[PDB]
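*Asks:* Structure incoming, see below.
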Amino acid sequence: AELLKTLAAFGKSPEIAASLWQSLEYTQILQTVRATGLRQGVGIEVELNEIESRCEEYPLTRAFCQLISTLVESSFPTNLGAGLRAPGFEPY
Amino acid sequence: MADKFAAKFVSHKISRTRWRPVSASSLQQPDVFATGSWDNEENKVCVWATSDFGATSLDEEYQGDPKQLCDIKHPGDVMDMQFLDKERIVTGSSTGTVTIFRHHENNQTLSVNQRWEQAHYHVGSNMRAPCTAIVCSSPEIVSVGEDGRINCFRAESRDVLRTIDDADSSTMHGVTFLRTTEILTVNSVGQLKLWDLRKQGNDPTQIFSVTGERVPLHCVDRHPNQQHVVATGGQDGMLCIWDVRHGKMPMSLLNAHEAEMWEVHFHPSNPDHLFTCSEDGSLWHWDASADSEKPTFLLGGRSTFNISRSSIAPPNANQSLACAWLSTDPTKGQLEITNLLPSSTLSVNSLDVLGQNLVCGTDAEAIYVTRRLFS
Amino acid sequence: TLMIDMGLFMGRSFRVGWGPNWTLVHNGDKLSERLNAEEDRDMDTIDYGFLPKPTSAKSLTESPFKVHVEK
């Protein structure tokens, strides 16, 4: 989560924001392409299921919300997939 | 009151609970039971043990405890998991894989027997899909899915024995036996569909929808007082009851709610009580009749706002009484569903009732159980 | 890959590298040396995957990215 909020504070630079956008789409941290070859359906979903629930405190969720917020507001889609990626934010 | 619950803070999310079977016919709670993960730590199947019944079990927390035994981890969520026989286990994967174990209760392990790696899938995108419903009557096996294929298997095979494909298929919600080899589903169109295991073809074997506010029906089950009459629940809030083995007709259209019936399940010790679970944010026990004049399982539970246990009986001398079932014209009233919230609960994704005994695992990170459903 | 277009008088082929005293620099495998895909399996199993990362539509992406060396 700290890494994520740092990246959020980095994205304030628009070209840095674009680099982060394209880098994260290449990485697919959360779940973007459902083609097998990995353990898909993972990420903040899981840890939200287990730990945040027990704590009753849920900061990562909001932080990652602000993550996409900044990502979209600074960087705009140039591409999302053409048989190479999964086009569309519709997953998230 | 109604036999308060034992709550065990399991620190775990629950999706699927299914009794470990011994087939034939007996009354006990299967102390052994296999559990499919909502998200426990991963998606996994665990083995768990419950000190059956208030007899010889009033301990190990308060009123018993289920205990973890072993587990093995599973790609794709366990949306559904049914048992072919005493220790052969069949679960659907969100990866669209049909998974069969043979359990080792003594070794406390699960054996990875048989996999249909291939299942229901989306066309025009080449993407995989989970299975909507598995059907297990030993040893014949049926699978039905979002895209609408039909997957007919004899036990013990890693390749498709048959998949009926159609020039007409749809999304499927809930399935039930009508007979030994006759099957019904409720669909996402407001659609009641029929098939026979021996005879099938192209496009659905039988299709129904009629006046009465056809809504996407999510849950169907065959009554604990008879199978060939079944009940279905959908969006509108009205429960639809039917008699078939080749033709549908309504026992009742009960105005039992105003909104979607996500899942409904049937009381064994009471062939005429029901339960409903709904991720609309609530979970109701359904009871015959209405009014608080009978023990109220309409507003029962919720910690406070509790009401139940009222009664009055005519001696049949100069006194007369009538009720709703004695009317055959459709569109009946509400029939006593109570939502219950102890102090706080999250999405209960699996529940089971055996006799007046009840277990249920949830997303509330705990388990809730009762010996008696009433008092 | 699948060579299924056998004509005649064909192209050229390849060799893995030697290493000192019967060491082998190998992109291929000898007995059981290389893994299949998916990180999650029923019987508690994890495996590799690199090739389908750049594509949302595979074209038999068969390109090496780690060559192991064994003696």
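Residues are named by chain letter and number: chains run A, B, ... in the order of the structure tokens, numbers start at 1 in each chain, and ligands are numbered from 1 in the order shown.
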Env of residue 207 in chain B: 12 Å cut, atoms = only C-alpha atoms, seq-sep filter 4 positions within chain, self excluded. Answer as a list in words.

*Replies:*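 Close residues of residue 207 in chain B: residues 168, 169, 170, 184, 185, 186, 187, 189, 190, 191, 192, 193, 194, 195, 203, 246, 247 and 248 of chain B.
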
*Asks:* Would you export the selected residues with C-alpha atoms as an mmCIF file, in the first residue's frame, please?

*Replies:*
data_model
loop_
_atom_site.group_PDB
_atom_site.id
_atom_site.type_symbol
_atom_site.label_atom_id
_atom_site.label_comp_id
_atom_site.auth_asym_id
_atom_site.auth_seq_id
_atom_site.Cartn_x
_atom_site.Cartn_y
_atom_site.Cartn_z
ATOM 1 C CA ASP B 168 -30.792 -21.527 -28.693
ATOM 2 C CA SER B 169 -29.250 -21.248 -25.215
ATOM 3 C CA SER B 170 -29.267 -18.742 -22.366
ATOM 4 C CA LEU B 184 -35.945 -28.205 -14.344
ATOM 5 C CA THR B 185 -34.317 -24.796 -14.207
ATOM 6 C CA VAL B 186 -35.262 -21.211 -13.538
ATOM 7 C CA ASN B 187 -33.514 -18.722 -15.760
ATOM 8 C CA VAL B 189 -35.401 -14.297 -18.463
ATOM 9 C CA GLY B 190 -38.271 -15.405 -16.234
ATOM 10 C CA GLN B 191 -37.932 -18.757 -17.916
ATOM 11 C CA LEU B 192 -38.904 -22.206 -16.650
ATOM 12 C CA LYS B 193 -37.157 -24.874 -18.674
ATOM 13 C CA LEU B 194 -37.497 -28.666 -18.727
ATOM 14 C CA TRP B 195 -35.450 -31.606 -19.976
ATOM 15 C CA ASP B 203 -32.586 -25.501 -28.592
ATOM 16 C CA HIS B 246 -44.006 -32.761 -18.036
ATOM 17 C CA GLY B 247 -46.301 -29.765 -17.529
ATOM 18 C CA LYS B 248 -46.284 -26.665 -15.331
#

*Asks:* Find the spatial neighbours of range 85-92 of chain B, counting only C-alpha atoms, within a cut-off of 10 Å - ignore same-chain residues fewer than 3 positions away - and output them as a VMD selection string.

*Replies:* chain B and resid 16 18 to 24 34 36 45 74 to 82 95 to 105 110 to 116 119 130 to 139 141 143 155

*Asks:* Find, counting only C-alpha atoms, the residue in C:21, C:27, C:13, C:55 that gets nearest to chain A.

*Replies:* C:55

*Asks:* List every residue of chain A that DSSP, applied to the backbone, labels as alpha helix (DSSP H), and write the result as number ranges by chain.

*Replies:* A: 2-10, 14-27, 44-47, 53-55, 59-74

*Asks:* Quick check: residues of chain A within 9 Å of chain B, only C-alpha atoms, returned as a short mmCIF file (atom, residue, chain, number, x, y, z; two decimals) with N, CA and C atoms, in the first residue's frame.

*Replies:*
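As written to disk, result.cif reads:
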data_model
loop_
_atom_site.label_atom_id
_atom_site.label_comp_id
_atom_site.auth_asym_id
_atom_site.auth_seq_id
_atom_site.Cartn_x
_atom_site.Cartn_y
_atom_site.Cartn_z
N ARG A 34 -8.18 -12.52 -18.40
CA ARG A 34 -8.62 -13.74 -17.73
C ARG A 34 -8.14 -14.99 -18.45
N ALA A 35 -7.33 -14.84 -19.49
CA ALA A 35 -6.68 -16.00 -20.09
C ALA A 35 -5.79 -16.67 -19.04
N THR A 36 -5.85 -17.99 -18.98
CA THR A 36 -5.11 -18.72 -17.96
C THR A 36 -3.61 -18.67 -18.23
N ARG A 39 -2.14 -17.39 -11.65
CA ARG A 39 -3.16 -17.39 -10.60
C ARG A 39 -3.89 -16.05 -10.69
N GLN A 40 -5.01 -16.04 -11.40
CA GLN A 40 -5.79 -14.84 -11.64
C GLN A 40 -6.90 -14.70 -10.60
N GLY A 41 -7.55 -13.54 -10.61
CA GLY A 41 -8.55 -13.24 -9.61
C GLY A 41 -7.99 -12.92 -8.25
N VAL A 46 -8.49 -10.14 -2.28
CA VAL A 46 -8.20 -11.18 -1.30
C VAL A 46 -7.97 -10.58 0.07
N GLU A 47 -6.96 -9.72 0.18
CA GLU A 47 -6.60 -9.15 1.47
C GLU A 47 -7.76 -8.38 2.09
N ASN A 49 -10.82 -9.41 1.71
CA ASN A 49 -11.61 -10.49 2.27
C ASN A 49 -11.09 -10.90 3.63
N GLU A 50 -9.79 -11.09 3.77
CA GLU A 50 -9.29 -11.57 5.06
C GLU A 50 -9.11 -10.47 6.09
N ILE A 51 -8.16 -9.56 5.88
CA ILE A 51 -7.54 -8.85 6.98
C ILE A 51 -8.27 -7.56 7.30
N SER A 53 -11.19 -6.71 6.86
CA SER A 53 -12.44 -7.04 7.52
C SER A 53 -12.24 -7.22 9.02
N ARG A 54 -11.24 -8.01 9.42
CA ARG A 54 -10.97 -8.21 10.84
C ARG A 54 -10.59 -6.91 11.52
#

*Asks:* Pick out the residues sitting within 10 Å of residue 69 in chain C, and hand them over as a VMD selection string; count only C-alpha atoms, and ignore anything fewer than 5 positions along from it in its own chain.

*Replies:* chain C and resid 17 to 19 23 to 27

*Asks:* What are the residues of chain C that have an atom within 9 Å of an atom of chain B, counting only C-alpha atoms, as a ChimeraX atom specification?

*Replies:* /C:40-45

*Asks:* Dump C-alpha atoms for the selected residues as a JSON list (two decimals), in the first residue's frame?

*Replies:*
[["chain", "number", "residue", "atom", "x", "y", "z"],
["C", 40, "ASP", "CA", -2.14, -22.39, -9.08],
["C", 41, "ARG", "CA", -3.14, -26.06, -9.23],
["C", 42, "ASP", "CA", -5.50, -28.35, -7.34],
["C", 43, "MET", "CA", -2.79, -30.55, -5.85],
["C", 44, "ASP", "CA", -0.86, -27.62, -4.33],
["C", 45, "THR", "CA", 1.29, -26.77, -7.36]]

*Asks:* Could you list the residues in chain A lying within 12 Å of chain C, using only C-alpha atoms, and format the result as a list in words?

*Replies:* residues 23, 25, 26, 27, 28, 29, 32, 33, 34, 35, 36, 37, 38, 39, 40, 41, 42, 80, 81, 82, 83, 84, 85, 86 and 87 of chain A

*Asks:* Hey, what's within 12 Å of residue 2 in chain C if we count only C-alpha atoms and toss same-chain stuff fewer than 4 positions away? As a ChimeraX atom specification, please?

*Replies:* /C:6,60,62

*Asks:* With only C-alpha atoms as the atoms that count, which of A:48, A:63, A:30, A:72 lies nearest to residue 92 in chain A?

*Replies:*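 Looking at the shortest contact to residue 92 in chain A, the residue is A:30.
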
*Asks:* Using CA of residue 211 in chain B and CA of residue 227 in chain B as the two end points, give the distance in Å to one decimal.

*Replies:*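 We find that CA of residue 211 in chain B and CA of residue 227 in chain B lie 24.0 Å from each other.
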
*Asks:* Calculate how many Å separate CA of residue 4 in chain B from CA of residue 340 in chain B, rounding to one decimal.

*Replies:*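 Computing it gives 11.5 Å between the two atoms.
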
*Asks:* As a PyMOL selection string, please: every residue in range 202-321 of chain B that a backbone DSSP assignment puts in strand (DSSP E).

*Replies:* chain B and resi 206-208+217-222+229-234+239-243+250-254+263-266+274-278+282-286

*Asks:* Any idea what's packed within 12 Å of residue 311 in chain B, counting only C-alpha atoms, ignoring anything in its chain fewer than 4 positions away? Could you give it as a compact mmCIF listing (two decimals) with N, CA, C and O atoms, in the first residue's frame?

*Replies:*
# COMPACT_ATOMS: atom_id res chain seq x y z
N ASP B 291 -48.92 -12.69 9.95
CA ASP B 291 -49.44 -12.06 11.16
C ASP B 291 -48.57 -12.39 12.37
O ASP B 291 -47.93 -13.45 12.42
N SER B 292 -48.54 -11.49 13.34
CA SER B 292 -47.86 -11.73 14.61
C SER B 292 -48.71 -12.55 15.57
O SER B 292 -48.22 -12.95 16.63
N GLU B 293 -49.97 -12.81 15.22
CA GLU B 293 -50.86 -13.63 16.02
C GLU B 293 -50.34 -15.05 16.18
O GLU B 293 -50.70 -15.72 17.15
N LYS B 294 -49.50 -15.50 15.26
CA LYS B 294 -48.72 -16.73 15.41
C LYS B 294 -47.28 -16.32 15.66
O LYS B 294 -46.90 -15.18 15.38
N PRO B 295 -46.46 -17.22 16.25
CA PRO B 295 -45.08 -16.83 16.58
C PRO B 295 -44.36 -16.17 15.41
O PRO B 295 -44.14 -16.78 14.36
N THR B 296 -43.99 -14.91 15.60
CA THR B 296 -43.55 -14.06 14.51
C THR B 296 -42.13 -14.40 14.10
O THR B 296 -41.16 -14.02 14.77

*Asks:* Counting only C-alpha atoms, what is within 12 Å of residue 201 in chain B, bar same-chain residues fewer than 5 positions away, as a list in words?

*Replies:*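 Surrounding residues, per the criterion: residues 149, 150, 162, 163, 164, 165, 166, 167, 168, 169, 195, 196 and 206 of chain B.
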
*Asks:* Store the residues picked out above in a file with N, CA and C atoms, as a short mmCIF file (atom, residue, chain, number, x, y, z; two decimals), in the first residue's frame.

*Replies:*
data_model
loop_
_atom_site.label_atom_id
_atom_site.label_comp_id
_atom_site.auth_asym_id
_atom_site.auth_seq_id
_atom_site.Cartn_x
_atom_site.Cartn_y
_atom_site.Cartn_z
N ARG B 149 -24.59 -24.49 -22.38
CA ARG B 149 -24.33 -25.84 -22.86
C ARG B 149 -24.89 -26.85 -21.88
N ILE B 150 -24.87 -28.12 -22.28
CA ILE B 150 -25.29 -29.20 -21.42
C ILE B 150 -24.14 -30.19 -21.35
N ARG B 162 -20.54 -36.05 -23.20
CA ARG B 162 -21.38 -35.34 -24.15
C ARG B 162 -21.56 -33.90 -23.69
N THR B 163 -21.58 -32.98 -24.65
CA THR B 163 -22.03 -31.62 -24.40
C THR B 163 -23.05 -31.25 -25.46
N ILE B 164 -24.30 -31.18 -25.04
CA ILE B 164 -25.40 -30.76 -25.90
C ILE B 164 -25.22 -29.27 -26.15
N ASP B 165 -25.12 -28.92 -27.43
CA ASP B 165 -25.08 -27.54 -27.86
C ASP B 165 -26.34 -27.24 -28.66
N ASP B 166 -26.71 -25.96 -28.70
CA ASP B 166 -28.00 -25.58 -29.25
C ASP B 166 -27.86 -24.38 -30.17
N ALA B 167 -28.82 -24.26 -31.08
CA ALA B 167 -29.06 -23.00 -31.77
C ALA B 167 -29.84 -22.03 -30.90
N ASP B 168 -30.10 -22.39 -29.64
CA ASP B 168 -30.79 -21.53 -28.69
C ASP B 168 -30.39 -21.92 -27.28
N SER B 169 -29.67 -21.04 -26.60
CA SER B 169 -29.25 -21.25 -25.22
C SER B 169 -29.25 -19.91 -24.49
N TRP B 195 -36.13 -30.61 -19.17
CA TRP B 195 -35.45 -31.61 -19.98
C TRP B 195 -35.61 -32.98 -19.36
N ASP B 196 -35.46 -34.01 -20.19
CA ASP B 196 -35.32 -35.39 -19.75
C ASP B 196 -33.89 -35.82 -20.06
N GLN B 206 -37.64 -27.79 -23.19
CA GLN B 206 -38.92 -27.14 -22.97
C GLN B 206 -38.75 -25.80 -22.29
#
